[PDB]
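Only one chain is shown below, in structure tokens, and it's the form deposited in one PDB entry.
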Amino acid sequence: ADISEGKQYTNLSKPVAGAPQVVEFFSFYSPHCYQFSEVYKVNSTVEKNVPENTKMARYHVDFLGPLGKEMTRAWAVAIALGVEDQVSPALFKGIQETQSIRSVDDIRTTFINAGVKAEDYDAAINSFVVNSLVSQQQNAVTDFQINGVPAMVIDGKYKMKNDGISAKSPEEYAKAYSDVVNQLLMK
């Protein structure tokens, strides 16, 4: 049960100070992120089983997809309006399944169809709060040296290896992944 550097996780070369304890990086364009988030519920298993009071964060990355940057801004609006759970399925579906989200306008329509008030979306998208959530995400991707998604970094020091989990099923995988995050947190 004892984890090893290079096996289940790796050390960031340049550790990040003042970082949230668990930072998730994802893309609405990524098949593996879709599976993690929506099919096999890996990140939700991690979130539900960390210690009480663990400081967590979930950021979108710019580097996949035609609308990478724009979707990072939309994710900031989701965080700002508190509608993450509300809109995430529709966004994954629209980007990857029906492939019907192809402009900034489609992104907006997806929020609206998912029950987000148009007036709130339109105000949020140009707010200081959202401006800063955008730079926060972009800067984190750089500072944490994120090259691929999904990716989870613990205490600004340790990066999960998605190919390094010991598991024979999705159910075992979710639990083991969580077990590793928790062991990393106890370092």
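Start at 1 and count along the sequence shown; that's the residue number.
Unshown form solved in complex with a partner chain; subsequent notes refer to it.
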{"query": "Proximity to its partner chain in the entry with it bound (heavy atom, within 4.5 Å), stretch among 125-133, 155-163, 46-54, 66-74", "finding": "155-163"}
{"query": "4.5 Å heavy atom contact, residue 147 and its partner chain in the entry with it bound", "finding": "yes"}
{"query": "Its partner chain contact in the entry with it bound: residue 13, any heavy atom under 4.5 Å", "finding": "no"}
{"query": "Partner contact for residue 121 in the entry with it bound: its partner chain, 4.5 angstroms, heavy atom", "finding": "no"}
{"query": "Residue 30, heavy atom within 4.5 angstroms of its partner chain in the entry with it bound", "finding": "yes"}
